[PDB]
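Take a look at the structure set out below.
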Amino acid sequence: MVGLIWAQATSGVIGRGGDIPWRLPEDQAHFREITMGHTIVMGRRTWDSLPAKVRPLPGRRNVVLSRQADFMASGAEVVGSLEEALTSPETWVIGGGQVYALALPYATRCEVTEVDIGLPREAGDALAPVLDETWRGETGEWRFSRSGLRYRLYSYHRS
Ligand SMILES: NC(=O)c1ccc[n+]([C@@H]2O[C@H](COP(=O)([O-])OP(=O)(O)OC[C@H]3O[C@@H](n4cnc5c(N)ncnc54)[C@H](OP(=O)(O)O)[C@@H]3O)[C@@H](O)[C@H]2O)c1
Ligand SMILES: O=C(O)c1cccc(CN2CCCCC2)c1
Ligand SMILES: [Co+2]
Ligand SMILES: [Co+2]
């Protein structure tokens, strides 16, 4: 089971300036519950985006993808191809835009949070992958976050 997990604005934006341009604490709790115990795979920019206090993410096998042969990630395995990163019964690809694009052909599930903010796509933004017809989705109810934002969860699958 290779899965992808991300949160996006309706427009598809997931990242900007090395950060996520919103906060949604219920989504972090959801992210932790889905990924905990498993292997997590991330691009080097996403690893750099985690504050040192939170990296590696606890209780998970952290794997970082870089083309730098000598890249060091204290607390994580570093691999040179996505295919080398995928492990064991369950791996979650946790970002960012480049690594989601690379991992989608190997993915069976996507767990997606849609954040209802009118955040327009800007040049240089990291974007979520677009899911074609092979994906089947189940739509959750809209909810309101402690942060003030409206959001809903999608669970996508394919066989
Ligand atoms: N759910 C979310 O909303 C969410 C989740 C995670 C991240 N983000 C955001 O996403 C943004 C970062 O996404 P990104 O797309 O800019 O960078 P990224 O995908 O996180 O990492 C990009 C890096 O991965 C490595 N890489 C890419 N293709 C590779 C390949 N084929 N083989 C080996 N290594 C490869 C390179 O690292 P080297 O340059 O070291 O070779 C490349 O610079 C940030 O803003 C972050 O906050 C959002
Ligand atoms: O699971 C956790 O414990 C945790 C800790 C810090 C942040 C997050 C949310 N995500 C994680 C991967 C993309 C960047 C932001 C989760
Ligand atoms: Co699990
Ligand atoms: Co299945």
Side-chain angles (χ1 to χ4, degrees), residues 1-73 75-86 89-117 119 121-129 134-138 145 147 149 151 153-159:
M1 200 305 294
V2 175
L4 274 54
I5 179 162
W6 73 80
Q8 66 175 80
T10 298
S11 67
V13 173
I14 65 175
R16 186 178 284 167
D19 189 30
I20 303 183
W22 63 84
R23 292 279 182 88
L24 207 158
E26 295 93 332
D27 199 45
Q28 301 201 321
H30 181 244
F31 170 89
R32 178 173 173 279
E33 203 76 26
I34 289 294
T35 60
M36 179 61 68
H38 310 305
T39 289
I40 57 172
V41 176
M42 74 196 86
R44 195 263 306 158
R45 292 201 220 275
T46 292
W47 168 267
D48 282 354
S49 74
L50 303 173
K53 320 151 270 272
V54 82
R55 81 182 104 174
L57 304 186
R60 282 151 286 185
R61 181 187 182 157
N62 289 230
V63 182
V64 180
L65 183 68
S66 175
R67 274 155 324 117
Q68 288 173 69
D70 52 324
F71 188 79
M72 329 284 174
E77 293 162 277
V78 177
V79 304
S81 71
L82 169 82
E83 291 86 11
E84 296 170 70
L86 305 173
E90 184 162 356
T91 298
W92 286 93
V93 174
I94 67 159
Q98 292 184 12
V99 171
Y100 291 136
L102 291 168
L104 197 66
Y106 304 114
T108 181
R109 294 175 53 199
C110 292
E111 290 299 336
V112 181
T113 299
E114 182 191 353
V115 189
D116 187 12
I117 56 175
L119 191 151
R121 296 187 290 263
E122 174 65 47
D125 282 351
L127 299 180
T134 67
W135 294 93
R136 302 309 201 285
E138 296 304 337
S145 166
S147 74
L149 309 187
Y151 70 99
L153 309 153
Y154 296 77
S155 293
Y156 291 99
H157 172 276
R158 67 184 172 177
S159 351

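For reference, positions follow the sequence shown, starting with 1. Computation of the quantities below employed the complete heavy-atom set of this structure, encompassing side-chain atoms and omitting hydrogens, waters and symmetry-equivalent molecules. All ligand and atom numbering here is 1-based and tracks the order in the structure.
Looking at ligand 1, you'll find an N or O of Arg67 within less than 3.5 Å of one of its N or O atoms. Not a single N or O atom of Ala126, backbone or side chain, sits closer than 3.5 Å to an N or O atom of ligand 1. Inclusion of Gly17 in the set of residues having an N or O under 3.5 Å from an N or O of ligand 1 is not warranted. Residue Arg44 has at least one N or O atom closer than 3.5 Å to an N or O atom of ligand 1.
Comparing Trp92, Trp47, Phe31 by heavy-atom distance to atom 12 (C) of ligand 2, the nearest is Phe31. Considering only non-hydrogen atoms, atom 3 (O) of ligand 2 lies nearest to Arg60 out of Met42, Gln28, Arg55, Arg60. Remark: among candidates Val99, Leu127, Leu50, the nearest residue to atom 19 (O) of ligand 1 is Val99, based on non-hydrogen atoms. Closest to atom 44 (C) of ligand 1 by heavy atom, among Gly96, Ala103, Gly18, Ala85, is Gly18.
For ligand 1 and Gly15, the ligand atoms under 4.0 Å from any heavy atom of the residue are 9 (C), 45 (O). The contact set between ligand 1 and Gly97, taken as ligand atoms under 4.0 Å from a residue heavy atom, comprises 13 (O), 14 (P), 15 (O), 19 (O). The ligand atoms of ligand 1 that sit less than 4.0 angstrom from a heavy atom of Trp6 are 1 (N). Within ligand 1, the atoms closer than 4.0 Å to a non-hydrogen atom of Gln68 are 38 (P), 40 (O), 41 (O), numbered from 1 in the order shown. The atoms of ligand 2 that sit less than 4.0 Å from any heavy atom of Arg32 are 1 (O), 3 (O).
By the 30° and 60° cut-offs, the orientation of the rings of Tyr100 relative to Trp6 is tilted.
Closest approach of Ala107 to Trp135, counting heavy atoms only: O-CH2, 3.5 Å. Residue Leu57 comes nearest to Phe31 through the heavy atom pair CD1-CE2, 3.8 Å, listed as atom of the first residue, atom of the second, then distance.
Counting heavy atoms under 4.0 Å from ligand 1, residue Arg16 touches it through the backbone alone. Residue contacts with ligand 1, taken as heavy atom pairs separated by less than 4.0 Å, involve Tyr100 solely via side-chain atoms from C-beta onward. Contacts of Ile94 with ligand 1, taken as heavy-atom pairs under 4.0 Å, involve the backbone alone.
Closest to atom 6 (C) of ligand 2 among all protein heavy atoms lies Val54 CG2, 3.5 Å. For atom 45 (O) of ligand 1, the nearest protein heavy atom (residue, atom name, distance) is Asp19 O, 3.0 Å. From the protein, the heavy atom lying nearest to atom 12 (C) of ligand 1 is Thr46 OG1, 3.8 Å. Atom 48 (C) of ligand 1 has its closest protein heavy atom at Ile14 O, 3.3 Å. Annotation: atom 38 (P) of ligand 1 to nearest protein heavy atom, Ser66 OG, 3.5 Å. The nearest heavy-atom contact from the protein to atom 31 (N) of ligand 1 is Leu102 CD1, 3.3 Å. For atom 22 (C) of ligand 1, the closest heavy atom belonging to the protein is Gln98 OE1, 3.5 Å. Counting only heavy atoms of the protein, atom 15 (C) of ligand 2 lies nearest to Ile20 CD1, 4.1 Å. Protein heavy atom closest to atom 13 (C) of ligand 2, with residue, atom name and distance, is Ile94 O, 4.2 Å. Among all protein heavy atoms, the one lying closest to atom 16 (O) of ligand 1 is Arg45 CD, 3.6 Å. Protein heavy atom at the shortest distance from atom 1 (N) of ligand 1 is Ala7 N, 3.0 Å.
Between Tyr151 and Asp27 the shortest side-chain heavy-atom distance does not fall below 4.5 Å. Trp92 places a side-chain heavy atom less than 4.5 Å from the side chain of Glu111.
Residue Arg109 holds its CZ atom at 8.0 Å from NE2 of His157, rounded to the nearest 0.5 Å. The structure places CG of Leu119 at 4.5 Å from CZ of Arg16, a figure rounded to the nearest 0.5 Å. Note that OG of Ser66 and CZ of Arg45 are 10.0 Å apart. Values are rounded to the nearest 0.5 Å. Distance check, rounded to the nearest 0.5 Å: CD1 of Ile14 to CG of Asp125 gives 9.5 Å.
The environment of CD in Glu33 is sparse: at most 12 heavy-atom neighbours from other residues, nucleotides or ligands sit within 6.0 Å. By the neighbour-count criterion of 12 heavy atoms within 6.0 Å, atom CD of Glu138 is sparsely surrounded, having that number or fewer from other residues, nucleotides or ligands.
No donor-acceptor pair closer than 3.5 Å links the side chain of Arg32 to the backbone N or O of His30. Using a distance-only test at 3.5 Å, with no hydrogens or angles considered, no donor-acceptor pair links the side chain of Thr108 to the main chain of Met1.
Between the side chains of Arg158 and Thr134, a donor-acceptor pair is found at a separation under 3.5 Å.
For the pairing with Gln8, the side-chain contact (heavy atoms from CB on, under 4.5 Å) check across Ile20, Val112, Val13 returns one residue only, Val112. Partner of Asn62 under the side-chain contact (heavy atoms from CB on, under 4.5 Å) criterion, chosen from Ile94, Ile40, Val78: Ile40.
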